[PDB]
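J.: just the starting chains for now, same placement as in the complex:
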Amino acid sequence: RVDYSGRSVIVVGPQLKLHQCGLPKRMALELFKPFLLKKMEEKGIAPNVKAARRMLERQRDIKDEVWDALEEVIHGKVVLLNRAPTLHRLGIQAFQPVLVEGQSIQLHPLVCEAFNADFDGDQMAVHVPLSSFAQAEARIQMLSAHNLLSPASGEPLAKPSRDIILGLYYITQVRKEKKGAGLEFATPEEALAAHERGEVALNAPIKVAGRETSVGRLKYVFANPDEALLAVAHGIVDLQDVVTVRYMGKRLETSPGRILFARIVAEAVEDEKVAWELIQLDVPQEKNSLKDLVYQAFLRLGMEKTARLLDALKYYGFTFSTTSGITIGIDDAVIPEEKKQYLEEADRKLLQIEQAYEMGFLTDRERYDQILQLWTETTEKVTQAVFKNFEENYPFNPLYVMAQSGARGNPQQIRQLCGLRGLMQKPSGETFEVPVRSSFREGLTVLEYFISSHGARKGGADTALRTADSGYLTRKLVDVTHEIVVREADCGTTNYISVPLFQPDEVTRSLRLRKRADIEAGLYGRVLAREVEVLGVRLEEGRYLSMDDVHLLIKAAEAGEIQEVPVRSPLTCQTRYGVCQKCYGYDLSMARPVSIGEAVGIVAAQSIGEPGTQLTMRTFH
Amino acid sequence: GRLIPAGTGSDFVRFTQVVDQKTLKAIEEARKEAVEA
Amino acid sequence: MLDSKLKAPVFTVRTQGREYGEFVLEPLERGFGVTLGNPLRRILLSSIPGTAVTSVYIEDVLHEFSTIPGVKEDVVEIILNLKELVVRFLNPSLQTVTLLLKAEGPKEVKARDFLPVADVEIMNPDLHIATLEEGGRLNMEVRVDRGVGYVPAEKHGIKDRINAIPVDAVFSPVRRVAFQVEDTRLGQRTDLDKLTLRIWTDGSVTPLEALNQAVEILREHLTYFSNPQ
């Protein structure tokens, strides 16, 4: 048990910046008691230590002067925060305390992803770095706002979680309303006029499918950037509306919100043009686009500057979300009109299967496996049906966007509310013959409910297991891997592995380009063993291949210039106990090369233990 | 309960000192003093 | 004074040029920074009446979607550049001023090229209207008015000359407003509103000036609650 420890309930701290964290002064006081005592003596509050002690032994006795003392002792010090299962190194992060009233601990929303913590009563512990050294490391290499990219993947972890996307998404989406009369302005001038008046009338919308420009573009043109928003503020143009605007050198046909997003980033980091180069305003910002943005900003502009962008997004996402007024009603979950069809069609088809068995054609089994096949297909049918519904008719259905935007929702989940959750398995594993005809929108019956219940337990029983299986694993991994640490000079043994860009057997034999992901996995931030000249550029030897480079090799393999890639690796290192800079690679939590002395052994063992909690668990062997 | 072999606990950096140009000239002055008589 | 009244809004200012002007004011009680910043904002944008090009008439041009020979820019691009033009008249007697300009041949047409008008001044001289090649004939009359807020060219539909084309109304020397309400700690209680609002201005007027006008409009409106009925 640590001596300078603490633990309380946690609570979202929206205004807080990644940098800091809200810590109850009342907690801080005990935590930093000795640091305070002495500081009391440095001021007039108390003559000596023992005094300063008795001065605080009772709650009613504290002069408001003491808070000012503690607040002064904590000036630039930082503390560590822990979460229930510490699965990876980010399971503990350092922040600057900003003392606050009450019992709760104010936590930043962006790091809620690193520690798997939600606010249904989760509680985090808190420790204190006593030595000037422990502090040094803590706030240098352990502080949150510095470790933005994961050690598992060069993907950021400071990604705009649920609420932020939801906000940033709604702002940048464009709308489409009613196509009745001709949509052709690309050519006639009588087309501009007639469909401009017809729009003024009740027939043409401001956002109609009319190739070049829906009358919504025809009506409004905005000179400078600002001009655009001002009209919005006056109630002329919604943010999600299709309008034309003049930017730096182009007449760009892009929506208000999109134009605004542009600024947000353009402002977060003042290199405005550099802000435009790494952003895609041609689409609604999903978590991935954002994720991407983050990464890019990280390699492009620099670490701290990224941090700023992060909170910038955090802030506006949060705000815009509030105003967007997205909510949850029963009618918002919309059931397709096709559901009845697909159901009945498959219904009668079941009847045939029955008549086919009543006669003696299909064996007891054949019947069974044929029925399930009917549903499994029929169910997947309703699924793409509901989506199509929303995709076509309600682009801004609440329940929808959240799932489209990197926000919240799973295709399979949606299915259970709007479409229907169809097949649940029996106790053993044999799926039931009858499906669950109902959705959650309508009354899941007394029994279709019970039916689906079974499968629920197995999922929970499974989750209960990786809570510790996850450990079973990491343990073993750390037992074998702890010793492994980066301590080197470029290990001179050049024995290298060749990464395959093609796989021999999807379909028997057909050579194919590996998935952009796997390949990424294989060559991201590696060190070329030998030089490779590919599409025109000469990748030199020993060069660390950035994601941009691993994007080139692929583009090259697409063309047909390389089937393998020479690259250093741990599997071929010479340092007996340890691995070197050139053989490990890039990925420290930072994107440059690995820094000597990184505890890779574990960093590794961890990245592999966590996701393990997501894999199925029937029987070991 | 020893310092960790890995990390800031690297033989590579366990030893590193810092200086001010003021303390730089002060140590060379000590070297100058080494000249006897 | 010493206790509650000396503990008074420390009005602090930071202004560079006539365009940007930050304004801080704290302490404030609970949720007042918002109570103030928001209205001022709404005023700073709509109310600070201003000036903007309300109508245009190119002599040979009939519709807004046309292109003039010897003129690189198209009608729509130029009418757009005119929205960028900032003028300033000195007294009420000037409600609607029609500025005139005619230039020919190989010359660049900038706002300084408009024939001077007695009580009117152009703060946007070097702004670029067009690039004339050869045999470039451009003779126009651009209307100018004093109004408030934003008025779509559709809403007013000005009619000086039948072949003229209305323009959208950007009535404000104010470009953008922005206010933040961050906590400030004053001794005893921590809950405190600190209101700081950032104002941008085309230069016609100054942030400070704007702000002053703003507060007054509010004040003047608060007096309108006098005679019951």
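T.: All right, it came through fine. Numbers count the residues shown, from 1 in each chain, chains lettered A, B, ... in the order given.

J.: so is the residue in the stretch 1-150 of chain A that chain B sits nearest to in a helix, a strand, or just coil?
T.: Closest contact between the stretch 1-150 of chain A and chain B, by CB to the nearest CB, is at residue A:137 (5.4 Å). The C-beta positions use only the backbone N, C-alpha and C, and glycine is treated the same way. Following DSSP: H, G, I helix; E, B strand; the rest coil, the label given to residue A:137 is helix.

J.: need the contact list for it.
T.: With contact taken as CB atoms under 8 Å, 6 or more residues apart in numbering or on different chains, residue A:137 is in contact with A:129, B:7-8.

J.: again, only using 6 Å
T.: When contacts are counted by CB atoms under 6 Å, 6 or more residues apart in numbering or on different chains, residue A:137 is found next to residue B:8.

J.: how far away is it from residue B:1?
T.: Residue A:137 is 18 Å from residue B:1, where distance means CB to CB, to the nearest Å.

J.: residue C:219: neighbour count?
T.: Residues lying near residue C:219 (other CB atoms under 10 Å in any protein chain shown) number 9.

J.: cool, residue C:151 as well?
T.: Residue C:151 has 20 neighbours, counted by other CB under 10 Å.

J.: mind listing what residue 157 touches?
T.: Using chain A here. Going by CB under 6 Å, 6+ apart, residue A:157 touches A:113-114, A:150.

J.: um, chain C though
T.: With CB under 6 Å, 6+ apart, residue C:157 has these contacts: residue C:166.

J.: one more, chain D:
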Amino acid sequence: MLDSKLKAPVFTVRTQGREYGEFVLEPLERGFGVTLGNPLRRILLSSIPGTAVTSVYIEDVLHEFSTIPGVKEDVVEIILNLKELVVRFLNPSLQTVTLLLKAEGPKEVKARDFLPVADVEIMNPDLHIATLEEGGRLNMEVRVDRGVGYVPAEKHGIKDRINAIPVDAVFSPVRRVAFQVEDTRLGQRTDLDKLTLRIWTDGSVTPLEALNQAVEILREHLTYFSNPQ
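T.: Just below you will find chain D, in place on the chains above:
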């Protein structure tokens, strides 16, 4: 005056009692009904002063969690009913008034049972304090103060008599605010804002009074933009 100034906010009022008071004011320019109604609302709820039971002393009761014989209600229920009591004193001279009441036996104790005090008035007479059975002895002293906002009984900790028990402070005499901005048609232009805000009050002050105080707070705050720095 005749044209633009005579065309001035017709301040009309409709007030019944001291609780409800509607207030209409039109015409107003573009989006101003909102510009005004919202701040006033924000003020009317946070900013305005009133009265609330700050402390209580039952004679035989020591802590708040006790129950008095012959009395159906428990200390905590009664102290709760007292928060419901709305009083009204007439001048500054009355900062803290202690109202007294003692009733015995088979009678219902209502607020009217408090012994009258010269400059103080009880608008909540029929409010129910307690139900006494037989041999029911209730003799208490309930403090009353003039303050602003909400103040937890923990925050003040009033000390009249050592066995007394503080109560929570519900000082906004305002219950609820509500404002609507419906279009009004005045001759020429149709776009018009008509601002009418409905104010409810516990009785301590009046809707009108409140409103006045409100606008002033705003005004006083608009003056705080005087001295740059």
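
J.: can you check the contacts of residue A:137 again with chain D included?
T.: Taking CB under 6 Å, 6+ apart, we find residue A:137 in contact with residue B:8.

J.: same thing but 8 Å
T.: Neighbouring residues of residue A:137 by CB under 8 Å, 6+ apart: A:129, B:7-8.

J.: using the three-state scheme, assign residue A:310.
T.: When classified by three-state DSSP, residue A:310 comes out as helix.

J.: where does chain B get nearest to chain D, residue-wise?
T.: Nearest residue of chain B to chain D, counting by CB to the nearest CB: residue B:20, 39.3 Å away.

J.: just to revisit the earlier point, columns secondary structure and distance to chain C on top of the contacts of residue A:137, output as TSV?
T.: TSV is the format used below for these (DSSP: H, G, I helix; E, B strand; the rest coil; distance: CB to the nearest CB, whole Å):
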residue	secondary structure	distance to chain C
A:129	coil	25
B:7	coil	38
B:8	coil	36
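
J.: just put those in JSON lines and tack on distance to residue A:281 and neighbour count.
T.: Shown next, in JSON lines, are those (distance: CB to CB, whole Å; neighbours: other CB atoms under 10 Å in any protein chain shown):
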{"residue": "A:129", "distance to residue A:281": "43", "neighbour count": "19"}
{"residue": "B:7", "distance to residue A:281": "43", "neighbour count": "15"}
{"residue": "B:8", "distance to residue A:281": "43", "neighbour count": "16"}
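
J.: between the residues you listed, which sits nearest residue D:51?
T.: For these, the closest approach to residue D:51 (CB to CB) belongs to residue A:129, at 52.3 Å.

J.: which residues touch the closest one?
T.: A:77-80, A:94, A:135, A:137-139.

J.: put chain E on too:
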Amino acid sequence: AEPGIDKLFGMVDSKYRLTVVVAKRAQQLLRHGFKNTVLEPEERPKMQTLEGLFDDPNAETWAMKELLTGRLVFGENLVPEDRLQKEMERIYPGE
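T.: To build on what is shown above, here is chain E added in:
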């Protein structure tokens, strides 16, 4: 995040080295007297109850604020281990 952390990172050969430097600089900043600094005059360390950070709030926030400047020197073996502590006591007062 923290001031020019990138800039700092870049000034070292190893990440973990930058940590040792700052920490040891912060050490000396306090022990030998806190005025053992290289950049105090015009734009320096500052806190706001008054502008009093000029005296002793955060040690390393200083160290880093100096290291970001090019006056300090960190080496593997720059100045002999024991003669350093001697020359430093001799020149910096405050105790």
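
J.: take the neighbour count of residue C:151 again, chain E included.
T.: By other CB under 10 Å, 21 other residues sit near residue C:151.

J.: list the contacts of the closest residue in space to it that isn't next to it in sequence.
T.: Excluding the flanking residues, the one nearest residue C:151 by CB to CB, 6 or more residues apart in numbering or on different chains is residue C:169, at 3.6 Å. Contacts for residue C:169 (CB under 8 Å, 6+ apart) come out as C:52, C:54, C:145, C:147, C:149-153, C:155-156.

J.: and the nearest residue to residue C:203 once chain neighbours are set aside, what element?
T.: Nearest non-adjacent residue to residue C:203, counting by CB to CB, 6+ apart: residue C:18, 4.9 Å away. Under the criterion DSSP states H and E, no helix or strand holds residue C:18.

J.: what's the distance between the residue nearest to residue E:88 when sequence neighbours are not counted and chain C?
T.: The shortest distance from residue E:88 to any non-neighbouring residue, by CB to CB, 6+ apart, is to residue E:32 (5.1 Å). Distance of residue E:32 to chain C, given as CB to the nearest CB, to the nearest Å: 34 Å.

J.: surely residue E:32 is in contact with residue E:86?
T.: No - look at residue E:32 against residue E:86 with CB atoms under 8 Å: they stay out of range, at 11.2 Å.

J.: neighbour count winner among those two?
T.: Legend: neighbour count by other CB under 10 Å for residue E:32 and residue E:86, higher for residue E:32 (19 against 11).

J.: check contacts around residue A:500.
T.: By CB under 8 Å, 6+ apart, residue A:500 lies in contact with A:514, A:522, A:563-564.
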